[PDB]
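In structure tokens, one chain follows: the form solved without the named molecule.
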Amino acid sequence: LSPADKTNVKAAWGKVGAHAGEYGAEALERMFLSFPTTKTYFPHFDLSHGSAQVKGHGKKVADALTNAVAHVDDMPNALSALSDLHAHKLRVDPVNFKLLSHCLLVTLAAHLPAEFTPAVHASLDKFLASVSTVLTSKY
């Protein structure tokens, strides 16, 4: 990531703040309704609106993205355990990282209108593309 993209990502994610866990839950809900093939990965979850488990898993996805922002420079080593889970154990199809990234971008657009510029949009896409690259790096 370029110095300008790091500054733009930190600006945007700063303003998300204490609502990150809530936005992580909305992104997972949007993905399951819009791309219903992704549901085959959560057969052990209640995937109805306001499910305790989806709220629970929203916080886990958000805390991991906050970590990735604090370690943007050493992402491969910050997420290396999550790269093992998603490739080796779970066997997640790489195409599915692009569907969740799109659903996160739709969630931030809807909550942060003032912050979601063309410039900031572009930098957040590169950032989520970087996070997806690491999470599929055991392939």
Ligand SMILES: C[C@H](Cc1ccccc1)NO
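Start at 1 with the first residue shown and count on from there.
As the entry records it, the average C-alpha temperature factor is higher for 15 to 23, out of 116 to 124 and 15 to 23. Set 79 to 87 against 102 to 110 and average the Cα temperature factors; 79 to 87 ends up higher. The entry assigns its greatest Cα B factor, within the set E29, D93, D63, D73, to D73. For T40, the recorded CA temperature factor ranks within the middle third of the chain's modelled residues.
Residue-level temperature factors show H49 in the highest third of its chain, judged at the C-alpha atom.
The same protein also has a form solved in complex with the named molecule, omitted here; what follows describes it.
Transferred by C-alpha superposition from where it sits in the bound PDB entry, the named molecule keeps all its atoms beyond 2.4 Å of the backbone and C-beta atoms, leaving the site open. Among heavy atoms of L108, some come within 4.5 Å of the named molecule in the bound PDB entry. Among heavy atoms of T66, some come within 4.5 Å of the named molecule in the bound PDB entry.
Though the partner is left out of this view, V120 does not reach within 4.5 Å of the named molecule in the bound PDB entry, counting heavy atoms only.
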